[PDB]
Amino acid sequence: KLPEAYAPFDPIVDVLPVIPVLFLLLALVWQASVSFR
Amino acid sequence: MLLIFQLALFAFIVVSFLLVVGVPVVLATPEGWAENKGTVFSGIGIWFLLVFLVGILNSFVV
Amino acid sequence: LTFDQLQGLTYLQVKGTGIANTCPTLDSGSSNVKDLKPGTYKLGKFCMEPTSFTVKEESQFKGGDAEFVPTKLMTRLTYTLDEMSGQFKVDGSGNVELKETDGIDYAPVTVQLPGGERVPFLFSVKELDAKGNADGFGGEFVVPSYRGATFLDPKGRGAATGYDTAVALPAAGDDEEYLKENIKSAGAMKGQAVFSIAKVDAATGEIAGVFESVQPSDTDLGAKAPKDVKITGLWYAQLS
Amino acid sequence: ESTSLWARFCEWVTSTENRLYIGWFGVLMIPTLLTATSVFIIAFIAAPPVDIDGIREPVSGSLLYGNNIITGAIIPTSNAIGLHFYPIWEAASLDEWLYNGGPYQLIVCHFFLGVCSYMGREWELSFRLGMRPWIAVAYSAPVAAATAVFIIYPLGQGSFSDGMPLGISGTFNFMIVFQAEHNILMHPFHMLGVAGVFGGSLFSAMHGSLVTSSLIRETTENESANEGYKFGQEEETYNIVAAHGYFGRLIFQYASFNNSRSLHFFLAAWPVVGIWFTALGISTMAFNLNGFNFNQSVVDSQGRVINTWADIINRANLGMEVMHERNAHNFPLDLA
Amino acid sequence: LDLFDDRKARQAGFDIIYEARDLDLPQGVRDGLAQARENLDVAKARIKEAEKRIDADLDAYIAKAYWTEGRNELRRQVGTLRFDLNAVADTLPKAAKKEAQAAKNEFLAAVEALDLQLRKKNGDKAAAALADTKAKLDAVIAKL
Amino acid sequence: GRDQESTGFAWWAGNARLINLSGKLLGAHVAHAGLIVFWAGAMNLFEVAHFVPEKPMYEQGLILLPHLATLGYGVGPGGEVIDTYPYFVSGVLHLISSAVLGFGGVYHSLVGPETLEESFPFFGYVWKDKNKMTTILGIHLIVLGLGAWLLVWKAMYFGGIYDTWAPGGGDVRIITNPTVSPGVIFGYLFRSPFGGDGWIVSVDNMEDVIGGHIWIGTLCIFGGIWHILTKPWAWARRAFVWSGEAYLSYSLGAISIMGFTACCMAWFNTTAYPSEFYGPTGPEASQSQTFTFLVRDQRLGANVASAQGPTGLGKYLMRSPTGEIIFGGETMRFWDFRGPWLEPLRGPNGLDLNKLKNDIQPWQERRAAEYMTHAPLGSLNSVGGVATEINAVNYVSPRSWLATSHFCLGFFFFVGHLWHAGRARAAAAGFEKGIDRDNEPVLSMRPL
Amino acid sequence: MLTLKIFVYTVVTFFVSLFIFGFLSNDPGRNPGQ
Amino acid sequence: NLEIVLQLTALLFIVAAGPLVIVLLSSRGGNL
Amino acid sequence: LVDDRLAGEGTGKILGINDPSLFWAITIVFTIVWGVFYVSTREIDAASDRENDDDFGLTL
Ligand SMILES: CCCCCCCCCCCCCCCCCC(=O)OC[C@H](CO[C@@H]1O[C@H](CO[C@H]2O[C@H](CO)[C@H](O)[C@H](O)[C@H]2O)[C@H](O)[C@H](O)[C@H]1O)OC(=O)CCCCCCCCCCCCCCCCC
Ligand code: CLA
Ligand code: CLA
Ligand code: CLA
Ligand SMILES: CC1=C(/C=C/C(C)=C/C=C/C(C)=C/C=C/C=C(C)/C=C/C=C(C)/C=C/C2=C(C)CCCC2(C)C)C(C)(C)CCC1
Ligand SMILES: CC1=C(/C=C/C(C)=C/C=C/C(C)=C/C=C/C=C(C)/C=C/C=C(C)/C=C/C2=C(C)CCCC2(C)C)C(C)(C)CCC1
Ligand SMILES: CC1=C(/C=C/C(C)=C\C=C\C(C)=C\C=C/C=C(C)\C=C\C=C(C)\C=C\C2=C(C)CCCC2(C)C)C(C)(C)CCC1
Ligand code: OEX
Ligand SMILES: [Cl-]
Ligand SMILES: [Cl-]
């Protein structure tokens with residue numbers, strides 16, 4: 001587990017590792033916004 | 001110091017969220033990197049200050 | 001390699017070399033077993049490394065002079081019996097009685113005769129009880145069945161497990177043609193081994209010599225007649 | 001012009017005037033594939049039985065030893081060998097080499113080098129002819145599948161005896177045991193592989209039927225329609241717009257490729273991508289990352305397990321598991 | 001079937017294998033770490049037996065140049081020495097605990113230096129390293 | 001950015017528009033670097049949070065914590081995790097460092113210079129400049145050498161590295177005599193990849209592991225200085241395609257090999273990947289099963305040496321085709337396996353029969369029993385055991401995840417070599433867009 | 001068998017050497033375009 | 001269930017932070 | 001033992017060189033091929049029509 005001082009912040013850590021796969025989708029939605037120019 | 005430490009960590013998380021959205025927006029904005037460049041450096045400076053503040057406070061709380 | 005030389009080698013220095021399949025050689029020592037104090041010793045590190053496999057073949061040239069023809073080893077370096085233990089009793093008059101108890105005491109070996117015939121056999125000295133003088137002391141040993149009672153043949157037929165008939169033939173199964181193959185037995189046989197002492201080191205309690213063993217081959221769980229296999233080689237042991 | 005021996009040799013090797021292109025990958029492909037071909041033909045006809053399981057129970061795989069074309073096979077190397085290198089010179093006699101399954105390793109090792117060099121030789125000719133270099137990429141899909149069943153799966157399992165036998169019935173034994181140990185049917189990658197070949201078969205039939213349906217009339221009815229095409233034609237032999245119109249009405253207008261270049265990329269990508277994943281599937285299952293295991297997934301309120309179709313598959317998998325390599329296992333777990 | 005009386009099997013740990021394969025039990029219980037920590041007497045006993053192996057078997061192995069036997073003996077019945085030394089040293093008072101840890105590190109350095117010489121097959125340096133190892137071990141046990 | 005109208009690359013090949021935009025290409029590579037450091041930090045904290053001390057590391061689906069444990073952080077003797085705080089600061093340090101790395105990626109991509117060749121000649125480059133390319137190769141070669149020296153400094157001066165072969169049980173150990181002999185180093189490099197040899201996957205000492213990284217650290221530094229002070233020779237100039245896409249394909253072919261090697265390292269090696277943290281290997285688990293049944297059947301009373309199987313071979317003990325005494329059954333294939341719990345029972349000739357029936361320590365039995373049940377077999381949905389098993393145990397070995405994933409990455413990055421190297425030659429030759437309709441090469445060749 | 005091993009080592013080295021020095025012989029220049 | 005509520009809440013922000021950047025640039029006529 | 005074999009399997013020998021004669025087999029063959037290649041480099045490059053200077057080679 002995390003140290004006791006960092007216990008309230010545990011839920012944030014539980015969703016952090018999925019952020020990098022969001023960048024792939026973020027690039028896709030960025031290209032859609034500019035009409036895939 | 002536990003309450004002080006967690007407030008500093010929460011403040012660090014909040015300012016990180018502001019930079020996560022604020023920095024790309026001003027960078028993409030043409031006038032942003034010329035005018036808002038001043039307030040971005042303040043955000044970066046505050047972010048680094050909280051990094052060291054949370055870092056030292058970790059010693060007295062863990 | 002003597003026993004001390006082998007113990008001075010790491011496993012990585014032996015793995016793949018092939019010297020793991022060699023009985024230790026007894027250098028120096030003596031040629032007189034009389035140097036051994038009479039008594040009942042504890043046989044240890046007994047190992048028998050074959051030096052030749054010959055299989056007796058019936059002579060088609062009449063005369064009935066069935067002789068042991070030379071063979072070609074087929075299963076690589078997996079044919080030395082080692083770690084065999086037991087008791088060794090030395091008599092003042094030179095009488096010798098050796099009795100094996102545990103250890104490998106068996107190794108499946110396959111050799112190929114001229115003509116491409118693979119003859120498997122279970123090279124074993126199981127329950128070896130040899131009595132005699134130092135120059136030659138022989139005895140009989142148990143040769144168990146090459147295949148265990150639960151060995152399934154390619155049709156699923158076995159002795160203690162499997163079909164008792166040819167299931168592939170729903171009608172012609174259980175005919176007189178297939179009765180022999182359907183019924184399988186795992187009975188054991190016996191062989192004769194004659195040992196001889198050539199070197200004896202009283203100080204270290206180590207003995208060595210040669211042996212000759214004659215035993216039957218695999219009977220294919222009673223499906224074929226066993227051939228006669230003559231195994232000649234060296235042997236080594238540590239009395240203690 | 002070239003006077004040096006090497007300059008003349010390198011011109012001949014890379015010459016595009018040879019009936020069969022050699023190239024530099026061909027100086028590796030030709031000797032390896034001929035070596036594997038020679039031993040394969042000789043072993044398929046006259047090789048002695050091979051003790052595949054390491055339990056001194058030889059398995060006959062040769063025509064001269066009682067097999068037909070369907071049941072004949074080159075038996076994999078003995079389980080006693082494992083992954084150890086077993087060239088003919090590491091055997092005391094050629095009889096011992098044959099008994100332990102030597103020819104399998106000789107074929108597989110030279111064959112793997114052959115297909116890798118065949119893949120490079122495909123690139124090399126494209127470069128010499130000035131065409132785009134990705135036919136070799138499409139050939140990487142069957143190469144990966146061949147590499148997975150002959151090299152990687154034996155590598156992960158720990159023995160060349162677990163490779164695919166070089167035979168028809170031997171292939172079926174490979175698949176059945178593979179299902180029993182890994183549940184390959186429930187693996188998403190064989191699922192993608194099946195969609196790759198079912199889809200590729202569908203797309204081949206559709207593309208072939210659509211082009212054939214749109215052939216521009218250039219012959220009579222007493223001649224083959226093929227005669228309407230002359231090798232080297234600068235004009236198109238079928239009407240792409242007409243074929244698109246048919247398939248557009250068949251489902252709907254935008255479900256059809258109006259672009260021949262996009263259509264042909266799709267014809268190449270779909271089977272190649274599918275075979276890439278099923279090749280990965282066997283490779284992943286080489287390290288025992290099996291397919292989906294839904295056994296006893298559905299239980300009622302009181303805990304009683306309600307069977308599904310997955311459990312019926314497990315019953316079939318159970319039967320193969322307890323029968324493959326009958327005499328080879330002394331202990332209950334099939335960890336090897 | 002014919003019956004056999006193996007009721008003695010539970011003694012000498014027939015269930016050690018079954019205990020280690022029980023996922024319900026924590027990892028400490030499966031690996032035997034919890035038992036040694038709970039009952040320090042078994043931990044102290046294994047330290048004494050490990051001392052016996054070092055001050056006896058190793059000397060013969062080095063003299064006879066049985067290098068593989070010496071290295072294996074340093075890891076068989078001794079393969080729990082590091083854990084056992086830590087287990088006993090933890091119970092010591094903090095002031096004594098610090099000194100026991102320093103002594104333990106000295107012994108561990110000597111036994112690894114001895115292991116190098118056995119690997120190098122250097123009899124002279126191994127005998128010198130063995131004598132140092134035996135001296136360091138006595139100091140550690142005295143503190144524990 | 002750009003568009004297909006002015007570049008000729010569609011959106012799905014959009015990053016190909018950065019080939020000659022060195023400044024934006026820099027930000028692209030720095031931003032992906034921030035992602036790598038971000039994942040390392042985020043996954044580290046994720047594993048630390050989801051870590052329960054009642055289970056071993058390999059039973060919890062952790063793949064990053066074992067890497068920290070092998071470096072000797074928060075592990076006591078015997079592979080027991082004593083403190084996870086070192087694992088925490090590793091995650092935090094990476095997570096924070098990714099932020100500044102991410103900022104530089106975003107800065108150098110969106111608002112920094114597009115091309116560095118004008119404003120910053122030191123960092124500016126053109127792919128055709130072989131001299132400048134080698135300097136960049138030389139510079140980044142030195143930092144790799146320095147990174148290798150960090151490992152040996154950790155293993156020799158800073159705490160040490162976890163040694164699973166350490167006398168007295170596996171523990172963190174200071175490496176004092178690294179093996180830097182040329183014969184040992186060259187022996188691993190040019191060893192066969194087949195069984196028994198295993199190429200470099202068979203390194204079985206931490207002395208050899210950090211002895212090798214001393215060679216790698218030194219070679220990379222000398223190679224860095226070499227490739228900085230020299231430009232490629234004529235033989236190299238006429239052998240390689242000097243284009244940006246060509247240099248990429250060279251690296252793709254290289255890390256494809258590295259991906260495959262990591263797959264085999266995680267699957268076979270037990271030194272750099274201790275079984276205490278990564279779990280048993282494939283060979284280890286199969287070897288542990290026969291060892292477990294050998295031990296339990298001895299107590300029931302049976303001579304394991306004399307016991308026969310149905311096939312006639314030894315049920316418990318047999319001989320390898322080289323003569324060594326090995327475990328019987330199907331695990332005869334894994335006879336070249338070596339493990340910390342099994343070597344004490346092995347003498348020069350193989351497994352020692354006397355030690356197998358007299359001196360089997362309880363800890364050795366417990367290790368083998370644990371390794372057998374955690375064999376590297378599992379399903380896609382992480383159901384432990386063979387495919388013909390019920391949904392009871394939720395376990396897949398980290399070795400299975402590491403080997404399976406990095407083989408798929410290794411193979412796809414080999415297709416990267418095939419793709420990006422083929423296109424590199426065609427584009428340089430000048431026919432990557434198609435055959436010239438008026439100048440078709442085949443039309444000018446003699447018919448076959 | 002050593003004679004066989006030396007023969008194969010000679011043969012394998014021969015074809016590999018041709019492959020290595022073949023691609024070192026200005027291979028990229030052997031293309032039909034300009 | 002407070003844990004999963006917090007996890008979904010934190011997940012809500014991050015899956016929105018990305019699109020929030022794009023829509024702000026699109027609305028403000030940014031160089032995106 | 002009963003038969004003779006190289007017994008080099010699984011021994012981790014550099015390039016599989018059990019005996020020094022294999023070294024001469026590889027070295028002699030490589031040197032010969034390298035020898036004929038070395039005396040032909042200039043001729044091969046001459047076909048390029050460029051001189052193998054610092055700007056030689058396929059370059060995009
Ligand atoms: C034209 C364009 C076309 C585009 C097509 C695009 C297609 C996109 C396809 C995506 C397919 C993947 C879908 C992912 C979401 C599915 C839900 C999920 O995943 O959920 C699955 C699980 C669920 O989470 C938890 O997963 C755990 C898995 O066990 C792990 O933890 C256990 C302890 O609980 C044990 O320790 C065990 O050993 C350990 O493995 C347990 O099952 C928990 O009960 C469970 O809650 O994982 C998790 O969500 C967390 C992990 C998820 C990400 C993992 C990525 C890393 C993968 C590495 C291996 C790669 C490849 C291997 C080969 C594969 C061959 C197919
Ligand atoms: C560090 C390695 C690397 C780098 C720097 C590049 C760089 C480049 N590649 Mg390349 N490539 C690589 C590896 C790499 N590639 C590998 C490993 C393969 C084999 C699959 C390819 C196959 C490939 C092709 C076919 C093409 C390129 C192309 C390009 C250029 C533009 C690509 C682009 O705009 O992206 C755009 C990105 C996308 C459109 C999104 C891609 C969607 C993928 C499938 C995401 C799937 C993720 C998922 C987790 C994968 C599942 C399997 C996984 C678990 C292993 C660019 C310079 C293009 C080119 O030739 O340029 C001229 C081109 O067409 N690459
Ligand atoms: C690791 C992934 C990665 C990276 C680092 C890049 C990087 C880059 N891409 Mg690319 N791309 C990718 C993946 C990636 N791409 C994929 C998967 C595809 C297929 C869909 C594409 C397709 C693509 C195209 C078609 C083009 C690029 C282009 C570019 C370049 C400029 C983009 C730009 O200026 O527009 C501006 C983008 C925005 C204004 C929106 C993004 C705003 C920020 C960056 C989002 C991230 C916020 C972040 C969380 C903030 C935290 C940072 C810090 C405060 C902590 C740039 C260097 C362009 C180019 O080639 O330049 C000539 C372009 O034409 N890419
Ligand atoms: C989704 C993409 C992805 C992901 C998530 C991973 C994830 C992982 N990879 Mg992988 N990889 C990938 C793609 C990916 N990879 C691709 C595309 C390839 C090419 C095909 C590879 C090739 C590859 C190889 C060859 C290896 C991995 C390995 C690993 C594992 C360890 C990572 C590591 O430590 O790296 C490296 C870490 C760093 C670069 C940071 C440390 C750098 C410095 C020098 C270290 C200094 C440490 C120092 C001693 C600490 C002491 C403190 C000091 C002050 C003294 C990890 C779980 C390793 C593994 O475990 O094998 C299975 C490994 O060997 N990968
Ligand atoms: C260029 C571009 C791109 C990309 C980009 C990128 C890739 C970026 C990255 C970025 C990044 C890479 C970022 C990062 C960030 C990070 C951060 C910001 C951090 C944070 C942290 C915090 C806030 C804290 C935490 C904590 C600790 C301290 C301890 C524990 C607890 C916790 C967890 C709470 C794209 C695709 C869009 C396209 C277009 C262009
Ligand atoms: C570390 C941390 C942090 C940071 C974070 C971050 C960095 C984030 C980012 C994130 C991101 C980066 C996000 C993004 C995402 C994306 C999305 C969400 C999208 C999606 C999309 C979709 C889903 C769709 C697509 C498409 C189109 C539209 C086109 C066509 C096709 C399709 C439909 C497919 C914070 C602050 C929290 C603090 C704490 C710590
Ligand atoms: C760390 C360590 C170690 C190792 C170390 C080392 C020392 C490594 C190295 C390595 C090296 C040192 C090398 C390798 C590799 C290389 C390669 C693999 C490649 C080659 C390539 C290529 C690519 C070729 C090509 C060619 C040429 C000639 C030119 C052009 C043409 C061609 C393409 C044909 C050991 C084991 C102890 C273990 C522990 C750790
Ligand atoms: O070798 Mn061919 O099949 Ca792969 O699992 Mn274990 O090992 Mn044997 O059994 Mn099931
Ligand atoms: Cl079967
Ligand atoms: Cl088994």
# chains A, B, ... in the order shown; residues from 1 in each chain; ligands from 1
>>> residues_near_ligand(ligand="ligand 6", cutoff="10 Å", atoms="only C-alpha atoms and all ligand atoms", output="PyMOL selection string")
(chain A and resi 9+12-13+15-33+35-36) or (chain B and resi 9-21) or (chain F and resi 35+38-39+41-42+95-96+98-99+102) or (chain H and resi 10-22)
>>> residues_near_ligand(ligand="ligand 7", cutoff="9 Å", atoms="only C-alpha atoms and all ligand atoms", output="PyMOL selection string")
(chain F and resi 148+179-180+184-189+199-217+219+235-236+238-240+250+253-254+257+272) or (chain G and resi 19-25+27)
>>> select_by_dssp(residues="chain A", states="helix (DSSP H, G or I)", output="list in words")
residues 4, 5, 6, 7, 8, 9, 10, 11, 12, 13, 16, 17, 18, 19, 20, 21, 22, 23, 24, 25, 26, 27, 28, 29, 30, 31, 32 and 33 of chain A
>>> write_last_selection(atoms="N, CA and C atoms", output="JSON list (two decimals), in the first residue's frame")
[["chain", "number", "residue", "atom", "x", "y", "z"],
["A", 4, "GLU", "N", 0.66, 5.95, 4.94],
["A", 4, "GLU", "CA", -0.60, 6.39, 5.53],
["A", 4, "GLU", "C", -0.92, 7.83, 5.17],
["A", 5, "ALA", "N", 0.10, 8.68, 5.06],
["A", 5, "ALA", "CA", -0.13, 10.07, 4.71],
["A", 5, "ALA", "C", -0.73, 10.21, 3.31],
["A", 6, "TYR", "N", -0.45, 9.27, 2.42],
["A", 6, "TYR", "CA", -0.93, 9.32, 1.05],
["A", 6, "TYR", "C", -2.19, 8.50, 0.83],
["A", 7, "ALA", "N", -2.78, 7.95, 1.89],
["A", 7, "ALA", "CA", -3.98, 7.13, 1.76],
["A", 7, "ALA", "C", -5.16, 7.84, 1.11],
["A", 8, "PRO", "N", -5.49, 9.11, 1.46],
["A", 8, "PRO", "CA", -6.66, 9.74, 0.83],
["A", 8, "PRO", "C", -6.54, 9.88, -0.68],
["A", 9, "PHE", "N", -5.32, 9.89, -1.19],
["A", 9, "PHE", "CA", -5.06, 10.10, -2.61],
["A", 9, "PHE", "C", -4.99, 8.80, -3.39],
["A", 10, "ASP", "N", -5.27, 7.67, -2.75],
["A", 10, "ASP", "CA", -5.23, 6.37, -3.42],
["A", 10, "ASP", "C", -6.11, 6.29, -4.66],
["A", 11, "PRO", "N", -7.36, 6.78, -4.67],
["A", 11, "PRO", "CA", -8.17, 6.65, -5.89],
["A", 11, "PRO", "C", -7.56, 7.32, -7.12],
["A", 12, "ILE", "N", -6.83, 8.42, -6.94],
["A", 12, "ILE", "CA", -6.18, 9.06, -8.08],
["A", 12, "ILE", "C", -5.13, 8.13, -8.68],
["A", 13, "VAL", "N", -4.36, 7.45, -7.83],
["A", 13, "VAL", "CA", -3.37, 6.50, -8.31],
["A", 13, "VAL", "C", -4.02, 5.35, -9.06],
["A", 16, "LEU", "N", -4.40, 6.54, -12.74],
["A", 16, "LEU", "CA", -3.25, 7.13, -13.42],
["A", 16, "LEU", "C", -2.69, 6.27, -14.55],
["A", 17, "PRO", "N", -2.49, 4.96, -14.37],
["A", 17, "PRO", "CA", -1.80, 4.18, -15.42],
["A", 17, "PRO", "C", -2.53, 4.14, -16.75],
["A", 18, "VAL", "N", -3.83, 4.44, -16.80],
["A", 18, "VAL", "CA", -4.54, 4.43, -18.08],
["A", 18, "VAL", "C", -4.40, 5.73, -18.85],
["A", 19, "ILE", "N", -3.74, 6.74, -18.29],
["A", 19, "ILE", "CA", -3.59, 8.01, -19.00],
["A", 19, "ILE", "C", -2.82, 7.86, -20.30],
["A", 20, "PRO", "N", -1.69, 7.13, -20.37],
["A", 20, "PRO", "CA", -0.95, 7.08, -21.64],
["A", 20, "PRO", "C", -1.76, 6.55, -22.82],
["A", 21, "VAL", "N", -2.67, 5.60, -22.60],
["A", 21, "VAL", "CA", -3.48, 5.13, -23.71],
["A", 21, "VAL", "C", -4.47, 6.20, -24.15],
["A", 22, "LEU", "N", -4.76, 7.17, -23.28],
["A", 22, "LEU", "CA", -5.66, 8.26, -23.66],
["A", 22, "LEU", "C", -5.00, 9.22, -24.64],
["A", 23, "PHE", "N", -3.67, 9.31, -24.62],
["A", 23, "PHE", "CA", -2.97, 10.19, -25.55],
["A", 23, "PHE", "C", -3.13, 9.72, -26.98],
["A", 24, "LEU", "N", -3.18, 8.41, -27.19],
["A", 24, "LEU", "CA", -3.45, 7.89, -28.53],
["A", 24, "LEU", "C", -4.83, 8.33, -29.00],
["A", 25, "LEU", "N", -5.83, 8.24, -28.12],
["A", 25, "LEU", "CA", -7.16, 8.70, -28.48],
["A", 25, "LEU", "C", -7.21, 10.22, -28.57],
["A", 26, "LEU", "N", -6.42, 10.91, -27.75],
["A", 26, "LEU", "CA", -6.38, 12.36, -27.81],
["A", 26, "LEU", "C", -5.84, 12.84, -29.15],
["A", 27, "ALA", "N", -4.86, 12.13, -29.70],
["A", 27, "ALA", "CA", -4.37, 12.46, -31.03],
["A", 27, "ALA", "C", -5.45, 12.24, -32.08],
["A", 28, "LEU", "N", -6.24, 11.17, -31.92],
["A", 28, "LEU", "CA", -7.31, 10.90, -32.87],
["A", 28, "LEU", "C", -8.38, 11.98, -32.82],
["A", 29, "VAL", "N", -8.80, 12.39, -31.62],
["A", 29, "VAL", "CA", -9.82, 13.42, -31.51],
["A", 29, "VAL", "C", -9.27, 14.78, -31.93],
["A", 30, "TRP", "N", -7.96, 14.99, -31.76],
["A", 30, "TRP", "CA", -7.36, 16.22, -32.27],
["A", 30, "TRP", "C", -7.42, 16.27, -33.79],
["A", 31, "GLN", "N", -7.15, 15.15, -34.45],
["A", 31, "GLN", "CA", -7.21, 15.12, -35.91],
["A", 31, "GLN", "C", -8.65, 15.26, -36.40],
["A", 32, "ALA", "N", -9.61, 14.70, -35.67],
["A", 32, "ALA", "CA", -11.01, 14.86, -36.05],
["A", 32, "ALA", "C", -11.45, 16.31, -35.96],
["A", 33, "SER", "N", -10.95, 17.03, -34.95],
["A", 33, "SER", "CA", -11.32, 18.43, -34.78],
["A", 33, "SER", "C", -10.90, 19.28, -35.97]]
>>> interface_residues(of="chain B", to="chain H", cutoff="7 Å", atoms="only C-alpha atoms", output="count of residues only")
5
>>> atom_distance(atom1="atom CA of residue B:38", atom2="atom CA of residue F:116")
24.9 Å
>>> residues_near_ligand(ligand="ligand 8", cutoff="6 Å", atoms="only C-alpha atoms and all ligand atoms", output="mmCIF file with C-alpha atoms, in the first residue's frame")
data_model
loop_
_atom_site.group_PDB
_atom_site.id
_atom_site.type_symbol
_atom_site.label_atom_id
_atom_site.label_comp_id
_atom_site.auth_asym_id
_atom_site.auth_seq_id
_atom_site.Cartn_x
_atom_site.Cartn_y
_atom_site.Cartn_z
ATOM 1 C CA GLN D 157 7.601 -25.440 -24.228
ATOM 2 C CA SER D 161 9.315 -32.595 -29.732
ATOM 3 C CA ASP D 162 6.484 -30.079 -29.252
ATOM 4 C CA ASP D 334 1.276 -31.256 -17.271
ATOM 5 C CA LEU D 335 3.703 -28.459 -16.492
ATOM 6 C CA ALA D 336 5.924 -29.341 -19.459
#
>>> closest_atom_pairs(of="chain F", to="ligand 2", cutoff="7 Å", atoms="only C-alpha atoms and all ligand atoms", output="JSON lines")
{"residue": "F:11", "atom": "CA", "partner": "ligand 2", "partner_atom_place_in_ligand_line": "34 (O)", "distance": 7.0}
{"residue": "F:12", "atom": "CA", "partner": "ligand 2", "partner_atom_place_in_ligand_line": "39 (C)", "distance": 3.8}
{"residue": "F:13", "atom": "CA", "partner": "ligand 2", "partner_atom_place_in_ligand_line": "34 (O)", "distance": 3.3}
{"residue": "F:14", "atom": "CA", "partner": "ligand 2", "partner_atom_place_in_ligand_line": "34 (O)", "distance": 3.9}
{"residue": "F:15", "atom": "CA", "partner": "ligand 2", "partner_atom_place_in_ligand_line": "34 (O)", "distance": 3.5}
{"residue": "F:16", "atom": "CA", "partner": "ligand 2", "partner_atom_place_in_ligand_line": "57 (C)", "distance": 4.0}
{"residue": "F:19", "atom": "CA", "partner": "ligand 2", "partner_atom_place_in_ligand_line": "57 (C)", "distance": 6.6}
{"residue": "F:245", "atom": "CA", "partner": "ligand 2", "partner_atom_place_in_ligand_line": "57 (C)", "distance": 6.7}
{"residue": "F:248", "atom": "CA", "partner": "ligand 2", "partner_atom_place_in_ligand_line": "5 (C)", "distance": 6.5}
{"residue": "F:252", "atom": "CA", "partner": "ligand 2", "partner_atom_place_in_ligand_line": "2 (C)", "distance": 6.2}
{"residue": "F:408", "atom": "CA", "partner": "ligand 2", "partner_atom_place_in_ligand_line": "55 (C)", "distance": 5.4}
{"residue": "F:409", "atom": "CA", "partner": "ligand 2", "partner_atom_place_in_ligand_line": "55 (C)", "distance": 4.9}
{"residue": "F:412", "atom": "CA", "partner": "ligand 2", "partner_atom_place_in_ligand_line": "17 (C)", "distance": 4.9}
{"residue": "F:413", "atom": "CA", "partner": "ligand 2", "partner_atom_place_in_ligand_line": "17 (C)", "distance": 3.6}
{"residue": "F:414", "atom": "CA", "partner": "ligand 2", "partner_atom_place_in_ligand_line": "17 (C)", "distance": 6.6}
{"residue": "F:415", "atom": "CA", "partner": "ligand 2", "partner_atom_place_in_ligand_line": "19 (C)", "distance": 4.7}
{"residue": "F:416", "atom": "CA", "partner": "ligand 2", "partner_atom_place_in_ligand_line": "16 (C)", "distance": 3.7}
{"residue": "F:419", "atom": "CA", "partner": "ligand 2", "partner_atom_place_in_ligand_line": "22 (C)", "distance": 6.0}
{"residue": "F:420", "atom": "CA", "partner": "ligand 2", "partner_atom_place_in_ligand_line": "65 (N)", "distance": 6.5}
{"residue": "F:423", "atom": "CA", "partner": "ligand 2", "partner_atom_place_in_ligand_line": "60 (O)", "distance": 6.9}
>>> residues_near_ligand(ligand="ligand 9", cutoff="10 Å", atoms="only C-alpha atoms and all ligand atoms", output="JSON, numbers by chain")
{"C": [154], "D": [53, 170, 173, 174, 176, 177, 320, 321, 322, 323, 324, 325, 326, 327, 328]}
>>> interface_residues(of="chain B", to="chain A", cutoff="7 Å", atoms="only C-alpha atoms", output="number ranges by chain")
B: 2, 61-62
